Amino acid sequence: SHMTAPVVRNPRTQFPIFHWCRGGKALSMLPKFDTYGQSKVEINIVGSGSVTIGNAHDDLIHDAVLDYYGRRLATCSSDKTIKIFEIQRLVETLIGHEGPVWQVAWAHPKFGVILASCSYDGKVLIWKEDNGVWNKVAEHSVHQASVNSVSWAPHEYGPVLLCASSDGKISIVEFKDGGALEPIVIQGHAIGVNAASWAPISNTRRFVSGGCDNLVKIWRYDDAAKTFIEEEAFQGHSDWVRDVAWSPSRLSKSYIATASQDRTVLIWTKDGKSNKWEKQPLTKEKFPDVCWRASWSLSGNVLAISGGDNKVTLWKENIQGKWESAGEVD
């Protein structure tokens, strides 16, 4: 051929995982290599007793999350599967996805022992444990692209899943009658959506999303419109927003953290008695590599960030409203 336009070649990676206590147990996963240059990816589960699950999958692990009673661990992988451990023994491998599984999320226990998974294959699958055995119970297949995140609503809203896709859309669907049958699907972000997370209960129902237009958006359920409408669109990031986290403190003042492949985290806040949002960078300097995941403690408003620095870094706001390092998880 005769090609005058520039042609480039481009390429996939393992990041750390951490979550705050469930059933008394915190979880961490810090990638390492040994002396033979072999990956050693150990999931540590630490209570007030520690258990280590080594090599849960042979391929990349994209998520690892305990259930709310800290009795089960779900891990998911580029190998297209989800593994369920009782915590240790491997109990089941959940087979159904046709591409990498990016995230899993546990439903509130009032609904049962239920896991949602999202995948490159464009599906959200819902799995349920009954009498110690796992079965696929529903499929939510409205996206025409990778589905990058899944999150269950506050249980007061019902068993409702929030899903973000590379097709630019966000879907919100209630699981009922062994199906996912009446979804709301909205155009969320240009190019793609990477994450969406629920606000804590207020009765206005909100969530926040981040995507490939470098924007963070806040959405509210409108009673008159009977759908979710865009309430805020926050500028600040200079590259794709990779994760968004709405702090579960629900006392007056709201906190949202947004993590970006621009190598920064922005903290957005709104005073209880204000309608105005304000932003502050988490850190004075860029992180060494992308910021991939963010999550807040249940109390104390401590922020955990995972990224290509290969660390889980912790952050705490000081008396003067500035963020300081609180160490890192080992």
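Note that residue numbering follows the sequence shown and begins at 1.
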| item | value |
| --- | --- |
| Count class of deposited residues lacking coordinates, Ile87 to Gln88 | 4 to 9 |
| Continuity check for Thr35 and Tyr36, given as deposited residues lacking coordinates between them | none |
| 269 to 277 set against 282 to 290, stretch whose average Cα temperature factor tops the other in the entry | 269 to 277 |
| Of 75 to 83 and 226 to 234, the one with larger mean CA B-factor | 226 to 234 |
| Selection by C-alpha B-factor (highest) of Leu30, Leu303, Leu298, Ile45 | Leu30 |
| Highest-ranked of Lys25, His19, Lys322, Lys311 once sorted by CA temperature factor in the record | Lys322 |
| Record-listed C-alpha B factor of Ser197: chain third | lowest |
| Chain-relative CA temperature factor third for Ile61 | lowest |
| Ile186, C-alpha B-factor rank within chain (lowest, middle or highest third) | middle |
| Chain thirds of CA B-factor: placement of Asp121 | lowest |
| Modelled-residue ranking by C-alpha temperature factor, third containing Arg250 | highest |
